[PDB]
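Visitor: See coords.cif below, with mmCIF, N, CA, C and O atoms.
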```cif
data_target
loop_
_atom_site.label_atom_id
_atom_site.label_comp_id
_atom_site.auth_asym_id
_atom_site.auth_seq_id
_atom_site.Cartn_x
_atom_site.Cartn_y
_atom_site.Cartn_z
N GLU Y 395 -50.39 161.70 -12.36
CA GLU Y 395 -51.63 161.05 -12.77
C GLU Y 395 -52.43 160.61 -11.55
O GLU Y 395 -51.90 159.93 -10.67
N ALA Y 396 -53.71 161.01 -11.51
CA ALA Y 396 -54.63 160.63 -10.45
C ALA Y 396 -55.98 160.24 -11.04
O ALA Y 396 -56.53 160.97 -11.87
N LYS Y 397 -56.51 159.09 -10.61
CA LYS Y 397 -57.83 158.62 -11.04
C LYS Y 397 -58.61 158.09 -9.84
O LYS Y 397 -58.06 157.37 -9.01
N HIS Y 398 -59.89 158.46 -9.78
CA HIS Y 398 -60.84 157.91 -8.82
C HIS Y 398 -62.09 157.47 -9.56
O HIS Y 398 -62.71 158.27 -10.26
N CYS Y 399 -62.46 156.20 -9.42
CA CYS Y 399 -63.56 155.65 -10.22
C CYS Y 399 -64.33 154.62 -9.40
O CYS Y 399 -63.72 153.76 -8.76
N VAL Y 400 -65.66 154.70 -9.44
CA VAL Y 400 -66.54 153.85 -8.65
C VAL Y 400 -67.67 153.32 -9.52
O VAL Y 400 -68.17 154.03 -10.40
N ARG Y 401 -68.07 152.08 -9.27
CA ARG Y 401 -69.20 151.43 -9.93
C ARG Y 401 -70.11 150.82 -8.88
O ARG Y 401 -69.64 150.12 -7.98
N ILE Y 402 -71.41 151.09 -8.98
CA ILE Y 402 -72.40 150.62 -8.02
C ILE Y 402 -73.56 149.97 -8.78
O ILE Y 402 -74.01 150.49 -9.81
N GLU Y 403 -74.03 148.84 -8.26
CA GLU Y 403 -75.12 148.09 -8.86
C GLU Y 403 -76.05 147.59 -7.76
O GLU Y 403 -75.58 147.10 -6.72
N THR Y 404 -77.36 147.73 -7.97
CA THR Y 404 -78.34 147.20 -7.04
C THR Y 404 -79.56 146.71 -7.80
O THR Y 404 -80.06 147.40 -8.69
N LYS Y 405 -80.03 145.51 -7.45
CA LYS Y 405 -81.31 145.00 -7.90
C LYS Y 405 -82.08 144.46 -6.71
O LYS Y 405 -81.51 143.77 -5.85
N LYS Y 406 -83.37 144.77 -6.65
CA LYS Y 406 -84.23 144.36 -5.54
C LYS Y 406 -85.54 143.82 -6.10
O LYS Y 406 -86.13 144.43 -7.00
N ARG Y 407 -85.98 142.69 -5.57
CA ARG Y 407 -87.21 142.03 -6.01
C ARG Y 407 -88.05 141.68 -4.80
O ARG Y 407 -87.53 141.26 -3.76
N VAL Y 408 -89.37 141.85 -4.93
CA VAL Y 408 -90.28 141.77 -3.80
C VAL Y 408 -91.44 140.84 -4.14
O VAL Y 408 -91.53 140.32 -5.26
N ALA Y 411 -92.83 143.10 -7.19
CA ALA Y 411 -92.15 144.25 -7.79
C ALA Y 411 -90.67 143.96 -7.98
O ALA Y 411 -90.06 143.25 -7.19
N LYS Y 412 -90.10 144.51 -9.05
CA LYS Y 412 -88.66 144.46 -9.29
C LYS Y 412 -88.16 145.87 -9.58
O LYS Y 412 -88.69 146.55 -10.47
N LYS Y 413 -87.15 146.30 -8.83
CA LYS Y 413 -86.42 147.53 -9.11
C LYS Y 413 -84.93 147.23 -9.18
O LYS Y 413 -84.42 146.39 -8.44
N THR Y 414 -84.23 147.93 -10.08
CA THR Y 414 -82.78 147.88 -10.13
C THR Y 414 -82.24 149.26 -10.46
O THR Y 414 -82.84 150.01 -11.24
N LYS Y 415 -81.09 149.60 -9.86
CA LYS Y 415 -80.31 150.77 -10.26
C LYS Y 415 -78.84 150.38 -10.35
O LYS Y 415 -78.31 149.73 -9.44
N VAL Y 416 -78.19 150.79 -11.44
CA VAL Y 416 -76.74 150.65 -11.59
C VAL Y 416 -76.17 152.00 -12.01
O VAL Y 416 -76.73 152.68 -12.88
N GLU Y 417 -75.06 152.39 -11.39
CA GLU Y 417 -74.38 153.64 -11.71
C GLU Y 417 -72.88 153.41 -11.76
O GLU Y 417 -72.32 152.70 -10.91
N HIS Y 418 -72.22 154.02 -12.75
CA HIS Y 418 -70.77 154.05 -12.85
C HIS Y 418 -70.27 155.49 -12.93
O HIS Y 418 -70.79 156.29 -13.70
N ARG Y 419 -69.25 155.80 -12.12
CA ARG Y 419 -68.67 157.14 -12.07
C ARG Y 419 -67.15 157.02 -12.07
O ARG Y 419 -66.59 156.18 -11.36
N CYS Y 420 -66.50 157.86 -12.87
CA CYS Y 420 -65.05 157.82 -13.02
C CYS Y 420 -64.53 159.24 -13.26
O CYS Y 420 -65.17 160.03 -13.95
N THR Y 421 -63.35 159.54 -12.70
CA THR Y 421 -62.67 160.81 -12.94
C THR Y 421 -61.17 160.56 -13.06
O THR Y 421 -60.61 159.76 -12.31
N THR Y 422 -60.53 161.25 -14.00
CA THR Y 422 -59.08 161.27 -14.15
C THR Y 422 -58.55 162.69 -13.99
O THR Y 422 -59.10 163.63 -14.57
N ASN Y 423 -57.48 162.85 -13.21
CA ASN Y 423 -56.74 164.11 -13.14
C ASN Y 423 -55.26 163.86 -13.45
O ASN Y 423 -54.66 162.94 -12.88
N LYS Y 424 -54.69 164.68 -14.33
CA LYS Y 424 -53.26 164.70 -14.62
C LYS Y 424 -52.71 166.12 -14.56
O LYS Y 424 -53.38 167.07 -14.99
N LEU Y 425 -51.50 166.27 -14.02
CA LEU Y 425 -50.72 167.50 -14.18
C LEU Y 425 -49.31 167.15 -14.63
O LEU Y 425 -48.72 166.17 -14.15
N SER Y 426 -48.76 167.95 -15.55
CA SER Y 426 -47.34 168.00 -15.85
C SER Y 426 -46.83 169.43 -15.90
O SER Y 426 -47.44 170.29 -16.55
N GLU Y 427 -45.71 169.70 -15.21
CA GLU Y 427 -44.99 170.96 -15.38
C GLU Y 427 -43.52 170.69 -15.70
O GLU Y 427 -42.88 169.84 -15.08
N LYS Y 428 -43.01 171.42 -16.69
CA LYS Y 428 -41.60 171.40 -17.10
C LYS Y 428 -40.97 172.78 -17.00
O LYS Y 428 -41.53 173.76 -17.50
N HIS Y 429 -39.80 172.86 -16.36
CA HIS Y 429 -39.05 174.11 -16.25
C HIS Y 429 -37.67 173.92 -16.85
O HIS Y 429 -37.10 172.82 -16.81
N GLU Y 430 -37.12 175.00 -17.43
CA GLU Y 430 -35.71 175.09 -17.76
C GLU Y 430 -35.23 176.54 -17.63
O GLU Y 430 -35.97 177.46 -17.95
N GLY Y 431 -34.00 176.72 -17.16
CA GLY Y 431 -33.40 178.04 -17.13
C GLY Y 431 -31.90 177.98 -17.32
O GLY Y 431 -31.23 177.04 -16.87
N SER Y 432 -31.36 178.99 -18.02
CA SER Y 432 -29.93 179.17 -18.23
C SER Y 432 -29.53 180.60 -17.90
O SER Y 432 -30.17 181.55 -18.37
N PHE Y 433 -28.46 180.76 -17.12
CA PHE Y 433 -27.80 182.05 -16.91
C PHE Y 433 -26.30 181.90 -17.10
O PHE Y 433 -25.70 180.98 -16.53
N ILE Y 434 -25.69 182.79 -17.89
CA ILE Y 434 -24.24 182.94 -17.91
C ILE Y 434 -23.86 184.42 -17.79
O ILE Y 434 -24.54 185.29 -18.33
N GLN Y 435 -22.76 184.69 -17.07
CA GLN Y 435 -22.19 186.02 -16.94
C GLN Y 435 -20.67 185.98 -17.14
O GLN Y 435 -20.02 185.00 -16.77
N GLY Y 436 -20.12 187.05 -17.72
CA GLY Y 436 -18.67 187.23 -17.75
C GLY Y 436 -18.25 188.68 -17.81
O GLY Y 436 -19.00 189.55 -18.27
N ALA Y 437 -17.03 188.95 -17.34
CA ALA Y 437 -16.41 190.27 -17.42
C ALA Y 437 -14.95 190.16 -17.84
O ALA Y 437 -14.27 189.21 -17.46
N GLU Y 438 -14.48 191.14 -18.62
CA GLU Y 438 -13.05 191.39 -18.82
C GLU Y 438 -12.65 192.80 -18.40
O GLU Y 438 -13.35 193.77 -18.72
N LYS Y 439 -11.54 192.91 -17.69
CA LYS Y 439 -10.74 194.13 -17.61
C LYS Y 439 -9.38 193.89 -18.28
O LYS Y 439 -8.75 192.87 -18.03
N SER Y 440 -8.96 194.83 -19.12
CA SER Y 440 -7.57 194.90 -19.58
C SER Y 440 -7.03 196.31 -19.43
O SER Y 440 -7.66 197.27 -19.88
N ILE Y 441 -5.87 196.43 -18.80
CA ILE Y 441 -5.18 197.71 -18.57
C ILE Y 441 -3.73 197.57 -19.02
O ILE Y 441 -3.00 196.72 -18.51
N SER Y 442 -3.32 198.41 -19.97
CA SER Y 442 -2.00 198.34 -20.58
C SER Y 442 -1.37 199.72 -20.59
O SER Y 442 -2.04 200.72 -20.88
N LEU Y 443 -0.08 199.78 -20.25
CA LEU Y 443 0.72 200.99 -20.34
C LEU Y 443 1.99 200.75 -21.14
O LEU Y 443 2.67 199.73 -20.95
N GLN K 249 -22.13 195.92 -21.86
CA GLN K 249 -21.48 197.22 -21.72
C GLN K 249 -19.98 197.18 -22.05
O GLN K 249 -19.26 196.36 -21.47
N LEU K 250 -19.51 198.05 -22.95
CA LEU K 250 -18.09 198.36 -23.04
C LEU K 250 -17.79 199.77 -22.54
O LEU K 250 -18.54 200.70 -22.80
N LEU K 251 -16.66 199.91 -21.83
CA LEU K 251 -15.90 201.16 -21.69
C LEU K 251 -14.48 200.99 -22.22
O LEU K 251 -13.75 200.11 -21.75
N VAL K 252 -14.10 201.82 -23.18
CA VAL K 252 -12.70 201.99 -23.57
C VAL K 252 -12.32 203.44 -23.29
O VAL K 252 -13.03 204.36 -23.71
N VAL K 253 -11.22 203.64 -22.56
CA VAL K 253 -10.58 204.94 -22.40
C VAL K 253 -9.11 204.82 -22.76
O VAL K 253 -8.39 204.02 -22.15
N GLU K 254 -8.66 205.61 -23.73
CA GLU K 254 -7.34 205.48 -24.32
C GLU K 254 -6.68 206.84 -24.48
O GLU K 254 -7.33 207.81 -24.87
N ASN K 255 -5.39 206.91 -24.15
CA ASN K 255 -4.57 208.10 -24.35
C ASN K 255 -3.30 207.73 -25.11
O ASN K 255 -2.67 206.71 -24.83
N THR K 256 -2.95 208.57 -26.07
CA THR K 256 -1.58 208.68 -26.58
C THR K 256 -1.03 210.04 -26.18
O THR K 256 -1.70 211.06 -26.36
N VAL K 257 0.19 210.06 -25.66
CA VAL K 257 1.03 211.25 -25.60
C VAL K 257 2.18 211.10 -26.58
O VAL K 257 2.80 210.03 -26.64
N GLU K 258 2.42 212.14 -27.37
CA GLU K 258 3.53 212.17 -28.31
C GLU K 258 4.50 213.30 -28.04
O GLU K 258 5.68 213.18 -28.37
N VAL K 259 4.04 214.39 -27.44
CA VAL K 259 4.90 215.41 -26.86
C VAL K 259 4.87 215.18 -25.35
O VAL K 259 3.94 215.58 -24.66
N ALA K 260 5.92 214.52 -24.86
CA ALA K 260 5.96 214.08 -23.47
C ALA K 260 5.59 215.20 -22.52
O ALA K 260 4.73 215.04 -21.65
N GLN K 261 6.23 216.36 -22.66
CA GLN K 261 5.68 217.60 -22.17
C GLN K 261 6.23 218.77 -22.97
O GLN K 261 7.25 218.66 -23.65
N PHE K 262 5.51 219.88 -22.90
CA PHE K 262 6.11 221.20 -23.04
C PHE K 262 6.17 221.85 -21.66
O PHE K 262 5.30 221.62 -20.81
N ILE K 263 7.22 222.63 -21.43
CA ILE K 263 7.35 223.48 -20.25
C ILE K 263 7.56 224.91 -20.72
O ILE K 263 8.63 225.25 -21.24
N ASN K 264 6.54 225.74 -20.55
CA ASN K 264 6.69 227.16 -20.87
C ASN K 264 7.54 227.85 -19.80
O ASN K 264 7.51 227.50 -18.62
N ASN K 265 8.29 228.85 -20.24
CA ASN K 265 9.07 229.68 -19.34
C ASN K 265 8.17 230.39 -18.33
O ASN K 265 6.95 230.47 -18.48
N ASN K 266 8.81 230.90 -17.27
CA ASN K 266 8.15 231.81 -16.35
C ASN K 266 7.76 233.12 -17.04
O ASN K 266 8.34 233.50 -18.06
N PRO K 267 6.79 233.84 -16.48
CA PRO K 267 6.29 235.07 -17.11
C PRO K 267 7.34 236.12 -17.44
O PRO K 267 7.10 236.93 -18.36
N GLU K 268 8.47 236.17 -16.75
CA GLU K 268 9.48 237.17 -17.08
C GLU K 268 10.09 236.95 -18.46
O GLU K 268 10.58 237.92 -19.06
N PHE K 269 10.07 235.73 -18.99
CA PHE K 269 10.66 235.43 -20.28
C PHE K 269 9.65 235.02 -21.34
O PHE K 269 10.04 234.77 -22.49
N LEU K 270 8.37 234.94 -21.00
CA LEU K 270 7.33 234.75 -22.01
C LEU K 270 7.11 236.01 -22.84
O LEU K 270 7.20 237.13 -22.34
N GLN K 271 6.82 235.80 -24.13
CA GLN K 271 6.46 236.87 -25.05
C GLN K 271 4.96 236.85 -25.27
O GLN K 271 4.40 235.82 -25.65
N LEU K 272 4.30 237.98 -25.04
CA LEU K 272 2.86 238.05 -25.24
C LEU K 272 2.51 238.13 -26.72
O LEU K 272 3.21 238.77 -27.50
N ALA K 273 1.41 237.48 -27.09
CA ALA K 273 0.85 237.64 -28.42
C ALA K 273 0.41 239.08 -28.63
O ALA K 273 -0.17 239.71 -27.74
N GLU K 274 0.68 239.61 -29.82
CA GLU K 274 0.42 241.03 -30.06
C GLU K 274 -1.05 241.40 -29.85
O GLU K 274 -1.30 242.47 -29.29
N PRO K 275 -2.03 240.60 -30.27
CA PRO K 275 -3.43 240.98 -30.00
C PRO K 275 -3.76 241.01 -28.52
O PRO K 275 -4.44 241.93 -28.06
N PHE K 276 -3.29 240.02 -27.76
CA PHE K 276 -3.53 240.00 -26.33
C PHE K 276 -2.89 241.20 -25.65
O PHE K 276 -3.51 241.87 -24.81
N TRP K 277 -1.62 241.46 -25.96
CA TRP K 277 -0.95 242.65 -25.44
C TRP K 277 -1.69 243.93 -25.82
O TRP K 277 -1.79 244.85 -25.00
N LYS K 278 -2.21 244.01 -27.04
CA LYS K 278 -2.97 245.18 -27.45
C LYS K 278 -4.28 245.32 -26.69
O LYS K 278 -4.75 246.44 -26.46
N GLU K 279 -4.88 244.20 -26.29
CA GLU K 279 -6.06 244.25 -25.43
C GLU K 279 -5.70 244.74 -24.03
O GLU K 279 -6.38 245.60 -23.47
N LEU K 280 -4.63 244.19 -23.46
CA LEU K 280 -4.13 244.68 -22.18
C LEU K 280 -3.84 246.17 -22.22
O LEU K 280 -4.13 246.89 -21.25
N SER K 281 -3.29 246.67 -23.32
CA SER K 281 -3.03 248.09 -23.47
C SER K 281 -4.28 248.95 -23.45
O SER K 281 -4.19 250.14 -23.12
N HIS K 282 -5.45 248.40 -23.79
CA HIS K 282 -6.71 249.12 -23.69
C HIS K 282 -7.50 248.83 -22.42
O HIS K 282 -8.60 249.38 -22.27
N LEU K 283 -7.00 248.01 -21.52
CA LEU K 283 -7.71 247.80 -20.28
C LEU K 283 -7.80 249.11 -19.50
O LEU K 283 -6.82 249.87 -19.45
N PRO K 284 -8.95 249.42 -18.89
CA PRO K 284 -9.24 250.80 -18.48
C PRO K 284 -8.42 251.32 -17.31
O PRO K 284 -8.70 252.44 -16.86
N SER K 285 -7.44 250.59 -16.80
CA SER K 285 -6.65 251.04 -15.65
C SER K 285 -7.52 251.34 -14.43
O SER K 285 -7.11 252.09 -13.54
N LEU K 286 -8.72 250.78 -14.37
CA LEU K 286 -9.56 250.86 -13.19
C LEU K 286 -10.53 249.68 -13.25
O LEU K 286 -10.67 249.02 -14.28
N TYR K 287 -11.20 249.42 -12.13
CA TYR K 287 -12.07 248.25 -12.04
C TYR K 287 -13.37 248.42 -12.81
O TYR K 287 -14.46 248.34 -12.22
N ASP K 288 -13.28 248.63 -14.11
CA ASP K 288 -14.40 248.50 -15.04
C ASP K 288 -14.54 247.03 -15.41
O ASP K 288 -14.10 246.57 -16.46
N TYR K 289 -15.18 246.28 -14.50
CA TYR K 289 -15.27 244.83 -14.65
C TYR K 289 -15.77 244.38 -16.01
O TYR K 289 -15.42 243.29 -16.46
N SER K 290 -16.63 245.16 -16.67
CA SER K 290 -17.07 244.79 -18.01
C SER K 290 -15.88 244.51 -18.94
O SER K 290 -15.88 243.51 -19.68
N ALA K 291 -14.83 245.32 -18.84
CA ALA K 291 -13.68 245.18 -19.73
C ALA K 291 -12.87 243.94 -19.41
O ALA K 291 -12.55 243.14 -20.31
N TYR K 292 -12.50 243.75 -18.15
CA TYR K 292 -11.75 242.55 -17.79
C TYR K 292 -12.58 241.30 -18.01
O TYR K 292 -12.03 240.24 -18.31
N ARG K 293 -13.90 241.38 -17.87
CA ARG K 293 -14.75 240.24 -18.18
C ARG K 293 -14.65 239.89 -19.66
O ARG K 293 -14.56 238.71 -20.01
N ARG K 294 -14.77 240.88 -20.54
CA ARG K 294 -14.57 240.63 -21.96
C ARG K 294 -13.20 240.01 -22.24
O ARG K 294 -13.08 239.08 -23.05
N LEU K 295 -12.17 240.48 -21.56
CA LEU K 295 -10.85 239.87 -21.70
C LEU K 295 -10.83 238.41 -21.27
O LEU K 295 -10.21 237.57 -21.93
N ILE K 296 -11.46 238.09 -20.14
CA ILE K 296 -11.51 236.70 -19.68
C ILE K 296 -12.38 235.83 -20.59
O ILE K 296 -12.08 234.65 -20.81
N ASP K 297 -13.46 236.39 -21.14
CA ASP K 297 -14.23 235.70 -22.16
C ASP K 297 -13.39 235.39 -23.39
O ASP K 297 -13.58 234.34 -24.03
N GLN K 298 -12.46 236.26 -23.75
CA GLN K 298 -11.65 236.00 -24.94
C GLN K 298 -10.54 235.01 -24.63
O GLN K 298 -10.33 234.05 -25.37
#
```
In structure tokens, write the structure found in this file.
Guide:
Amino acid sequence: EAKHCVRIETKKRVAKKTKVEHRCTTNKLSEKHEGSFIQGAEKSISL
Amino acid sequence: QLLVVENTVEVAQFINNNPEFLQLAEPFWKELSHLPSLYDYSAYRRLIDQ
């Protein structure tokens, strides 16, 4: 999980101007692995 | 993968006599009696084919 988020606000008075901005981002990754291997051999020799 | 290889022997062996005491089968002997007494390979080839 990764998040980056910023909020900015400005007001100026002299005339009055204001700007406010909010920006946010979220990033997530999940990976799951599984593996199974089995091997077997038989030899039988009879006389 | 399976491999099975199996043998039964029930006649442990036969041992045929040497050629001096073997008896030829009458058809085979009759074929030998018609062999051309010379190298006519066609004839001996037919015999070996049989």
Visitor: Evaluate the PyMOL selection byres ((chain K and name CA) within 10 of (chain Y and name CA)) against this structure - the residues, as a PyMOL selection string, please.
Guide: chain K and resi 249-255
Visitor: State, in Å with one decimal place, the distance from atom N of residue 428 of chain Y to atom CA of residue 395 of chain Y.
Guide: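 We find that atom N of residue 428 of chain Y and atom CA of residue 395 of chain Y lie 14.0 Å from each other.
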Visitor: How many Å separate atom CA of residue 259 of chain K from atom CA of residue 272 of chain K?
Guide: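 Taking atom CA of residue 259 of chain K and atom CA of residue 272 of chain K, their separation equals 22.8 Å.
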Visitor: Between atom N of residue 427 of chain Y and atom CA of residue 396 of chain Y, what is the distance in Å, rounded to a tenth?
Guide: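 That distance, rounded to one decimal, is 13.6 Å.
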Visitor: If you run DSSP on the backbone here, which positions in chain Y get strand (DSSP E or B)? Please write them as a list in words.
Guide: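 Taking chain Y and keeping strand (DSSP E or B) only, one gets residues 396, 397, 398, 399, 400, 401, 402, 403, 404, 405, 406, 407, 412, 413, 414, 415, 416, 417, 418, 419, 420, 421, 422 and 423 of chain Y.
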Visitor: May I have the selected residues written with N, CA, C and O atoms, as a JSON list (two decimals), keeping the file's coordinate frame?
Guide:
```json
[["chain", "number", "residue", "atom", "x", "y", "z"],
["Y", 396, "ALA", "N", -53.71, 161.01, -11.51],
["Y", 396, "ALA", "CA", -54.63, 160.63, -10.45],
["Y", 396, "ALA", "C", -55.98, 160.24, -11.04],
["Y", 396, "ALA", "O", -56.53, 160.97, -11.87],
["Y", 397, "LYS", "N", -56.51, 159.09, -10.61],
["Y", 397, "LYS", "CA", -57.83, 158.62, -11.04],
["Y", 397, "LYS", "C", -58.61, 158.09, -9.84],
["Y", 397, "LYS", "O", -58.06, 157.37, -9.01],
["Y", 398, "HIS", "N", -59.89, 158.46, -9.78],
["Y", 398, "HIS", "CA", -60.84, 157.91, -8.82],
["Y", 398, "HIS", "C", -62.09, 157.47, -9.56],
["Y", 398, "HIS", "O", -62.71, 158.27, -10.26],
["Y", 399, "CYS", "N", -62.46, 156.20, -9.42],
["Y", 399, "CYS", "CA", -63.56, 155.65, -10.22],
["Y", 399, "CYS", "C", -64.33, 154.62, -9.40],
["Y", 399, "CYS", "O", -63.72, 153.76, -8.76],
["Y", 400, "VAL", "N", -65.66, 154.70, -9.44],
["Y", 400, "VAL", "CA", -66.54, 153.85, -8.65],
["Y", 400, "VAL", "C", -67.67, 153.32, -9.52],
["Y", 400, "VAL", "O", -68.17, 154.03, -10.40],
["Y", 401, "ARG", "N", -68.07, 152.08, -9.27],
["Y", 401, "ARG", "CA", -69.20, 151.43, -9.93],
["Y", 401, "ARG", "C", -70.11, 150.82, -8.88],
["Y", 401, "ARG", "O", -69.64, 150.12, -7.98],
["Y", 402, "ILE", "N", -71.41, 151.09, -8.98],
["Y", 402, "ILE", "CA", -72.40, 150.62, -8.02],
["Y", 402, "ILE", "C", -73.56, 149.97, -8.78],
["Y", 402, "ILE", "O", -74.01, 150.49, -9.81],
["Y", 403, "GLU", "N", -74.03, 148.84, -8.26],
["Y", 403, "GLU", "CA", -75.12, 148.09, -8.86],
["Y", 403, "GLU", "C", -76.05, 147.59, -7.76],
["Y", 403, "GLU", "O", -75.58, 147.10, -6.72],
["Y", 404, "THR", "N", -77.36, 147.73, -7.97],
["Y", 404, "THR", "CA", -78.34, 147.20, -7.04],
["Y", 404, "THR", "C", -79.56, 146.71, -7.80],
["Y", 404, "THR", "O", -80.06, 147.40, -8.69],
["Y", 405, "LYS", "N", -80.03, 145.51, -7.45],
["Y", 405, "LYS", "CA", -81.31, 145.00, -7.90],
["Y", 405, "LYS", "C", -82.08, 144.46, -6.71],
["Y", 405, "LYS", "O", -81.51, 143.77, -5.85],
["Y", 406, "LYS", "N", -83.37, 144.77, -6.65],
["Y", 406, "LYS", "CA", -84.23, 144.36, -5.54],
["Y", 406, "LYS", "C", -85.54, 143.82, -6.10],
["Y", 406, "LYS", "O", -86.13, 144.43, -7.00],
["Y", 407, "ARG", "N", -85.98, 142.69, -5.57],
["Y", 407, "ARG", "CA", -87.21, 142.03, -6.01],
["Y", 407, "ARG", "C", -88.05, 141.68, -4.80],
["Y", 407, "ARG", "O", -87.53, 141.26, -3.76],
["Y", 412, "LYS", "N", -90.10, 144.51, -9.05],
["Y", 412, "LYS", "CA", -88.66, 144.46, -9.29],
["Y", 412, "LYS", "C", -88.16, 145.87, -9.58],
["Y", 412, "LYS", "O", -88.69, 146.55, -10.47],
["Y", 413, "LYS", "N", -87.15, 146.30, -8.83],
["Y", 413, "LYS", "CA", -86.42, 147.53, -9.11],
["Y", 413, "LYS", "C", -84.93, 147.23, -9.18],
["Y", 413, "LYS", "O", -84.42, 146.39, -8.44],
["Y", 414, "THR", "N", -84.23, 147.93, -10.08],
["Y", 414, "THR", "CA", -82.78, 147.88, -10.13],
["Y", 414, "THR", "C", -82.24, 149.26, -10.46],
["Y", 414, "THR", "O", -82.84, 150.01, -11.24],
["Y", 415, "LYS", "N", -81.09, 149.60, -9.86],
["Y", 415, "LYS", "CA", -80.31, 150.77, -10.26],
["Y", 415, "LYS", "C", -78.84, 150.38, -10.35],
["Y", 415, "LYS", "O", -78.31, 149.73, -9.44],
["Y", 416, "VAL", "N", -78.19, 150.79, -11.44],
["Y", 416, "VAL", "CA", -76.74, 150.65, -11.59],
["Y", 416, "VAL", "C", -76.17, 152.00, -12.01],
["Y", 416, "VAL", "O", -76.73, 152.68, -12.88],
["Y", 417, "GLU", "N", -75.06, 152.39, -11.39],
["Y", 417, "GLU", "CA", -74.38, 153.64, -11.71],
["Y", 417, "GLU", "C", -72.88, 153.41, -11.76],
["Y", 417, "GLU", "O", -72.32, 152.70, -10.91],
["Y", 418, "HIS", "N", -72.22, 154.02, -12.75],
["Y", 418, "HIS", "CA", -70.77, 154.05, -12.85],
["Y", 418, "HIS", "C", -70.27, 155.49, -12.93],
["Y", 418, "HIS", "O", -70.79, 156.29, -13.70],
["Y", 419, "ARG", "N", -69.25, 155.80, -12.12],
["Y", 419, "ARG", "CA", -68.67, 157.14, -12.07],
["Y", 419, "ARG", "C", -67.15, 157.02, -12.07],
["Y", 419, "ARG", "O", -66.59, 156.18, -11.36],
["Y", 420, "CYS", "N", -66.50, 157.86, -12.87],
["Y", 420, "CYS", "CA", -65.05, 157.82, -13.02],
["Y", 420, "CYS", "C", -64.53, 159.24, -13.26],
["Y", 420, "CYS", "O", -65.17, 160.03, -13.95],
["Y", 421, "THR", "N", -63.35, 159.54, -12.70],
["Y", 421, "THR", "CA", -62.67, 160.81, -12.94],
["Y", 421, "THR", "C", -61.17, 160.56, -13.06],
["Y", 421, "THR", "O", -60.61, 159.76, -12.31],
["Y", 422, "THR", "N", -60.53, 161.25, -14.00],
["Y", 422, "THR", "CA", -59.08, 161.27, -14.15],
["Y", 422, "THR", "C", -58.55, 162.69, -13.99],
["Y", 422, "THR", "O", -59.10, 163.63, -14.57],
["Y", 423, "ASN", "N", -57.48, 162.85, -13.21],
["Y", 423, "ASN", "CA", -56.74, 164.11, -13.14],
["Y", 423, "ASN", "C", -55.26, 163.86, -13.45],
["Y", 423, "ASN", "O", -54.66, 162.94, -12.88]]
```
